Structures are given as structure tokens and as C-alpha cells.
Amino acid sequence: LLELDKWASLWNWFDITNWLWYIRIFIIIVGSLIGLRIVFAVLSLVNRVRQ
Amino acid sequence: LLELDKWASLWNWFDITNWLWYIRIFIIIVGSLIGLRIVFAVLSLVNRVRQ
Amino acid sequence: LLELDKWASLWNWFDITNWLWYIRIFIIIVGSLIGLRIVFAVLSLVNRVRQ
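Structure determination for this PDB entry was carried out by solution NMR, as recorded in the header.

As recorded in the PDB entry, chain A goes by Envelope glycoprotein gp160 and comes from Human immunodeficiency virus 1. In its PDB record the entry is named "MPER-TM Domain of HIV-1 envelope glycoprotein (Env)".

1. A look at the interface of chain C and chain A
You'll often see interface size given as the accessible area lost when the parts meet. Counting residues at the interface gives 14 residues for chain C and 13 residues for chain A. Counting each side, the surface lost to burial between chain C and chain A is near 1,100 Å², with a carbon and sulfur contribution of 72%. Counting the contacts that link chain C with chain A gives 0 salt bridges. Counting every contact that joins chain C to chain A gives 0 residue pairs in polar contact. The set of elements that each furnish at least two residues to the side of chain C that touches chain A consists of α3 (23–29), α4 (33–37) and α5 (39–49) of chain C. Counting residues per element, the side of chain C that touches chain A draws most heavily on α5(C), which supplies 4 residues. The residue makeup of the side of chain C that touches chain A, split by class, is 9 nonpolar, 2 polar and 3 charged.

2. As for the relation of the copies chain C and chain A
In the superposition of chain C on chain A (RMSD 0.8 Å, axial shift 0.2 Å), the rotation amounts to 120°. Viewed as a symmetry operation, the transformation between the two copies matches a three-fold axis. Of every C-alpha in chain C, the one belonging to C:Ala41 sits nearest the axis of rotation, 3.4 Å from it.

3. Focus: the interface of chain B and chain C
Contacts between chain B and chain C engage 13 residues on the former and 10 residues on the latter. At the boundary of chain B with chain C, total buried surface from both sides reaches about 1,100 Å², with 70% on carbon and sulfur atoms. Joining chain B to chain C, the criterion identifies 0 salt bridges. At the boundary of chain B with chain C, the tally comes to 0 residue pairs in polar contact. If you list the elements that add at least two residues to the side of chain B that touches chain C, you get α3 (23–36) and α4 (39–47) of chain B. In terms of residue count, the dominant contributor to the side of chain B that touches chain C is α3(B) (4 residues).

Analysis parameters
- Residues numbered from 1 in each chain as written, not as in the entry; some residues may be left out.
- Chains lettered and ligands numbered in written order.
- Heavy atoms only, no water.
- Contact = heavy atoms within 4.5 Å.
- Buried area = accessible area lost by both parts, 1.4 Å probe.
- Salt bridge = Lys/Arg side-chain N within 4 Å of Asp/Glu carboxyl O.
- Polar contact = N/O pair within 3.5 Å; in protein donor to acceptor, adjacent residues only side chain to side chain.
- Helix = DSSP H or I, 4+ residues; strand = E, 2+ residues; numbered from the N terminus.
- Nonpolar A, V, L, I, M, F, W, Y, C, P; charged D, E, K, R; others polar.
- Least-squares fit on C-alpha atoms.

Structural data, given as C-alpha cells:
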């Protein structure tokens, strides 16, 4: 199944190996996303002044 | 210490092996949840009119 | 590349091994605050009563 020879074969495909080797970093960025949404709560007070 | 023989042993347990090769896809679905929240912003303008 | 000898080498570094073998559980916990954020939409009705 999983061996030195099995893993080294995906380096020739290049494109898929990059995606399966950067997903870990990607989840941390999707964490900061929810925190960004909270400021909209202040925009609701600005929405009451809208003509 | 992760070997060809150690990995192939979990295929006899069947049920728990699924948890080690499907959760990666499941994180992207928790990525659609945050996108859904924005419509709540327009609902706040419908909530003050609620007779 | 990934081998029995390559994995057993990070046990001498100790600190990095813990970071690469506990975050997987943490993604479920970073999935708890998203459900919590909704009450801020409810706080907008309490903000209209706040003199």
C-alpha cells in the first residue's frame, strides 16, 4: 500500500501533490473568516441612517 | 510506527477506517456554513417590522 | 521521504511531533464558535433598547 516508491510516484503528477500538501495551512485561514463577519453587527447601526 | 502491514490491519475493523479517509472532505462543508450566515444581515431589517 | 526511520526521527525533536498529532481533534473545536456567533444577530434587538 503506502511505501517510499508509492509516495514518490505523485511528484511526477505535480498538480495534485501541491493541493494534498497545502490543505493543512488552508484550514487555519478558514478559522480567521468567522472572526471577520462580527464587524457587520456595527454596520446594522449605520444601516438605520441609510435614506 | 506507520508500516504497509500496520495500515492494512485497520481494513479488518472496517467502520473506524472510514473516519481516517473521509473527514478531509467534511471540513470543506463546515466552509459552506460561514457563507450561509450573511443572509441573517437582511433578516435583521425584517425582524424590526415583525408585528 | 516518508519511511519507518523518517517518522521515528521526529520523537527526538518531541515539540513539533505534538503540534503535527493533535490539530486534527482541534478542527472539531474550531467548529464550535460558528454556532455561538448567531446570538450577536439577536444582540442587535437588545442594542435598540440600550439607551
